[PDB]
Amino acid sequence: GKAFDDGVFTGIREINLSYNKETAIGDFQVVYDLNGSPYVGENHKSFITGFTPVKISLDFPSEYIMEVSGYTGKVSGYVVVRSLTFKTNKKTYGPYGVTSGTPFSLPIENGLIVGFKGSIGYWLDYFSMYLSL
């Protein structure tokens, strides 16, 4: 896959992702907050088409992510991120994708997600999150 790394910002305003109910997460893009103003991150795109897009527009700064969860599993012999769920202090967004394989959960008791990095081929291969106070 093509590795990506948005780096760190001051918060999250919107997440734009895409998924396929037969496979996994495809595209991933984030509108960050950068010192009180939106900062449009680069669209990290799948090598293929056929995904269903979704827009997660957060009521920044009163609304913020408190937990990211999902599933990883084999798709055509590749370990990929099959589903994602974003839980905020106001609402649960998801699950998006296929909730099959091995679950993972990142609850945040104190702090904030301020950035994403990972790799996307036909699907989201892996991802990591930057955390800050």
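In case it trips you up, residue 1 is the first one in the sequence shown, and so on.
Undergrad: Mean C-alpha B factor from the entry: is it higher for 89 to 97 or for 104 to 112?
TA: Result of the comparison: 89 to 97.
Undergrad: Taking only the CA atoms, which stretch has the higher mean B-factor in the record, 40 to 48 or 60 to 68?
TA: Result: 40 to 48.
Undergrad: Please rank the C-alpha B-factors of the chain's modelled residues and tell me whether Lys117 sits in the lowest, middle or highest third.
TA: CA B-factor rank for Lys117: lowest third.
Undergrad: Going by what the PDB entry lists, where does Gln29 fall on CA B-factor within its chain: lowest, middle or highest third?
TA: Middle third by C-alpha B-factor.
Undergrad: Just say lowest, middle or highest third for the CA B-factor of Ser18 relative to the other modelled residues in its chain.
TA: Answer is middle: the recorded C-alpha B-factor places it there.
Undergrad: Grab the CA temperature factor for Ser76 from the record and place it in the lowest, middle or highest third of its chain.
TA: Answer is highest: the recorded C-alpha B-factor places it there.
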